[PDB]
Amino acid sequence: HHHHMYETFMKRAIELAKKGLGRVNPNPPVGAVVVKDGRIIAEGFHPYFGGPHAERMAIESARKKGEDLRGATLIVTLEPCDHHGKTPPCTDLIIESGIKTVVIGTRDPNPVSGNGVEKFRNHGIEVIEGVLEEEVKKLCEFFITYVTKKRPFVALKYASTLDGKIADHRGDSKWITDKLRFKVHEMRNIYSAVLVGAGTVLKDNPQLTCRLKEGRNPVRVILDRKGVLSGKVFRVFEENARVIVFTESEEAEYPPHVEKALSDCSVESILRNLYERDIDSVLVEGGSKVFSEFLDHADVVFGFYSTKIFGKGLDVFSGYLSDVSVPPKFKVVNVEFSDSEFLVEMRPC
C-alpha cells in the first residue's frame, strides 16, 4: 500500500533530482517531495552547486502555499544533511516543520553530511530507508564514485561502424552518428567534463560543446602529451567552456584562458588531477589511442553503432591488444536502436 506509494513518490523525486544534473556537480542531484494525506503538496530539487537543498526548497514552497506540514511525509532521494552550511542543516528544518516520516532512497556516503537518519529517529520521526535505492544510486553514481573512490566517474563513448571502425580509410569520421546524436548531447549536458586526444583535435577540429542551445558546455579536457597543439587556436580552445590541456611539454603554449596542466600524463595522474579540480565525471570521446588507454578505467562504455561498413579504416581500440582467450570484461545492460543506428551500454563485470 504505502510502499507502492512511496515508490511512486520516489520516482517523482528522482525525476525532480535530474533537473540539476550537470549543474550540481560535484554535489549529488537530489529530489524531494512532501506528501500530506496522500497528495504531493510540494516539490524541490537541488538546482546548482552550492544552491539550496532539495528538502529546503520543498519545505519552503509548502509553507509559502500555506500548507501545515505537521504530520506530513518527506520523500527524498538522498539522506538529509545534518551539517550547518550557510544555513542550518536540513535535519533541523525537517524536524521543526513537523514532518513525521522521512523516506530516503540512499544514505549519504560523504562523512561530512553527518548522521541524519539517527537524528531523525531521536526526534520521534519514522525513517524509511532504501526506497528505489538502486535507481537512486545510479542517479548519484558520479557523486558516489567521487566521494568513495576519490576520482571522477569515467564513461567511454565511441561511434563505430559494424566493423569496428571509428574512421574510414582516409581518416574521415563524419556522419557516423545521426539519429542518436541527441544521446551524445544529453551526455555532454550531464557529464562534468569531456575528454579527447590531440590526434582527434588535429584531424577533426571538433567543438566538443553541448549542442543543446539551453544546455551547458562541459569542461573540455585535452590530452596533448607532446604539445602538438601548441600555438594554434583549435575549436576546443574557444572560450565557451573551461578548458584544461594535459601535457608533458614545457614548451607548449595554449591560449591564455586555457589551463595548461603539465603532467606525467598517466591515466592515474589525469584522474587525480580532475578530482582535485572538482570534476566528478568525465566522458572520454576518443580517438583510438585515447580509447585504448582509458578502456580499462571506464565505469561505463557507450558504443554508438551505425550499420555503415567501411571495410578498412581506423579501429576503435587500435592501441589495445587482447586475444580470444581473455574473457569479456563487460556486460550489456541496455541496447537501443533507431533506423540505421544502435547504442549499447556496457558495464564492467
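Note that residue numbering follows the sequence shown and begins at 1.
Chemist: Could you settle it for me: does 262-270 or 178-186 have the higher average Cα B factor in the PDB entry?
Modeler: Comparing 262-270 with 178-186, the higher average CA B-factor belongs to 262-270.
Chemist: So 80-88 or 250-258, which one's hotter by mean CA B-factor in the entry?
Modeler: Result: 80-88.
Chemist: Out of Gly303, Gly31, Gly287, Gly50, which residue has the highest Cα temperature factor in the PDB record?
Modeler: Highest C-alpha B-factor among the listed options: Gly50.
Chemist: Among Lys165, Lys138, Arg220, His123, where is the Cα B factor highest in this entry?
Modeler: Answer for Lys165, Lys138, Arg220, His123: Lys138, with the highest C-alpha B-factor.
Chemist: Once the chain's modelled residues are ordered by C-alpha B factor and cut into thirds, is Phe143 in the lowest, middle or highest one?
Modeler: Answer is middle: the recorded C-alpha B-factor places it there.
Chemist: Which third of the chain does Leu69 land in by C-alpha B-factor: lowest, middle or highest?
Modeler: Its C-alpha B-factor, which the entry lists for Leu69, ranks in the middle third among residues of this chain.
Chemist: What third of the chain, by the recorded C-alpha B-factor, contains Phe234?
Modeler: Highest third - that is where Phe234 ends up once the chain's C-alpha B-factors are sorted.
Chemist: So where's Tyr320 on the chain's Cα temperature factor ranking, which third?
Modeler: Its C-alpha B-factor, which the entry lists for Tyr320, ranks in the highest third among residues of this chain.
Chemist: Split the chain's modelled residues into thirds by Cα B-factor; is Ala298 in the lowest, middle or highest one?
Modeler: CA B-factor rank for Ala298: lowest third.
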